[PDB]
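Trainee: just dropping in an experimental structure and the matching sequence.
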Amino acid sequence: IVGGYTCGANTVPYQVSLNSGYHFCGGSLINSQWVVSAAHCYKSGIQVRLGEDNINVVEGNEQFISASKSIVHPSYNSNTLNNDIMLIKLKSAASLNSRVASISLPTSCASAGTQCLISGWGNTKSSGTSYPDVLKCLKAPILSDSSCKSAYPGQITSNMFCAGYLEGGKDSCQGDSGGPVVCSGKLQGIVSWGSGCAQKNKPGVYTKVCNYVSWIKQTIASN
Ligand SMILES: NC(=[NH2+])c1ccc2[nH]c(-c3cccc(OC4CCCC4)c3[O-])cc2c1
Ligand SMILES: [Ca+2]
């Protein structure tokens, strides 16, 4: 996160770290055995880490659970990043409490102007790499489709939305991929891509979760 602040230990209880010997993406806990992330974060050998704050130290509250299966959306296109969503089933259910909790799926899409919280252990510099130890947060508004599309002409599909600041300085970045964009207590986005990080007129692009609520439910129900 660039231009973000320290969230505070466990203040974001649905945030998970996807790890394979190092943190590479984020994800959101939606129920004791399922997490939602970005299809582009897929790999084998993923251990899901819950109750994390500082990713390099064990401080208590952490639950490390291996992933049983990752389900990349059947229509994910790695060249356009359209349908950039994946579901991971955990080997065992997580113990939920106030430090580890799931987040709710939306009943409706959100509108431009809605303020959302984005979190992650991704890069904090726009020019260079600086990865934090603790979880960073950023409050960002969903942008209008005309501003999104004027920013990335021909690259936005209807399963994407832009959120951020066109002046630059505050944005999500690499390492945050796969994680949550929560608005009014509902998971509305998944960190997906953008051009550089916190650059002027290049806001972040997120996977529009409201368009997959039925797919997520049908898939969890059949697995
Ligand atoms: N400007 C933004 N709001 C933004 C948001 C998410 C991003 N993710 C990335 C990104 C860049 C290089 C590699 C990535 O994923 C690989 C790391 C782990 C496995 C996949 C990214 O997600 C850039 C990037 C930029
Ligand atoms: Ca830790």
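Mentor: Yep, it's here. Numbering: from 1, shown residues only. Ligands and ions are numbered 1, 2, ... in the order given.

Trainee: drop to CA atoms for contacts and neighbour counts, all remaining ones
Mentor: Noted.

Trainee: residue closest to the middle of this structure?
Mentor: Central residue of the chain (CA atoms, centre = their mean): residue 179, 1.4 Å from the mean position.

Trainee: which residues touch it?
Mentor: Contacts here follow CA atoms under 8 Å, 6 or more residues apart in numbering; on that basis residue 179 touches 15-16, 25-28, 37-38, 118-120, 190-191.

Trainee: burial count for residue 113?
Mentor: Using other CA atoms under 10 Å, residue 113 is surrounded by 12 other residues.

Trainee: what does the one 3 residues further on give?
Mentor: Residue 116 sits with 23 neighbouring residues when counted by other CA under 10 Å.

Trainee: the one 10 residues further on now?
Mentor: Around residue 126 sit 21 other residues, with neighbours defined as other CA under 10 Å.

Trainee: excluding its backbone neighbours, what's nearest it?
Mentor: Among residues not flanking residue 126 along the chain, residue 197 sits closest, at 5.0 Å (CA to CA, 6 or more residues apart in numbering).

Trainee: report the longest helix in this structure, please.
Mentor: With secondary structure taken from DSSP state H, the chain has its longest helix at helix 213-221.

Trainee: buried residues in it?
Mentor: For helix 213-221, the neighbour count (16 or more other CA atoms under 10 Å) marks residue 216 as buried.

Trainee: just the C-alpha atoms of it, please, in CSV.
Mentor: What follows is helix 213-221, C-alpha atoms only, in CSV (Å, rounded to 0.1, in the frame of the first residue of the first chain):
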residue,chain,number,x,y,z
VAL,A,213,-21.6,-13.7,-5.9
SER,A,214,-23.7,-16.4,-7.6
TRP,A,215,-20.5,-18.2,-9.1
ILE,A,216,-18.9,-18.1,-5.6
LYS,A,217,-22.0,-19.6,-4.0
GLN,A,218,-22.6,-22.3,-6.6
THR,A,219,-18.9,-23.2,-6.5
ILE,A,220,-18.6,-23.5,-2.7
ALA,A,221,-21.9,-25.4,-2.7
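
Trainee: I'd say residue 176 and residue 26 touch.
Mentor: Yes. Counting by CA atoms under 8 Å, residue 26 is a contact partner of residue 176 at 5.6 Å.

Trainee: who touches both of the two?
Mentor: Shared contacts of residue 176 and residue 26 (CA under 8 Å, 6+ apart): 120, 121.

Trainee: so how many other residues sit close to the residue nearest to residue 126?
Mentor: A count of neighbours around residue 197, defined by other CA under 10 Å, yields 24.

Trainee: repeat for residue 45
Mentor: Neighbourhood size, residue 45 [other CA under 10 Å]: 13.

Trainee: what sits closest to it if chain neighbours are left out?
Mentor: Distances taken as CA to CA, 6+ apart place residue 20 nearest to residue 45, at 5.8 Å, with adjacent residues excluded.
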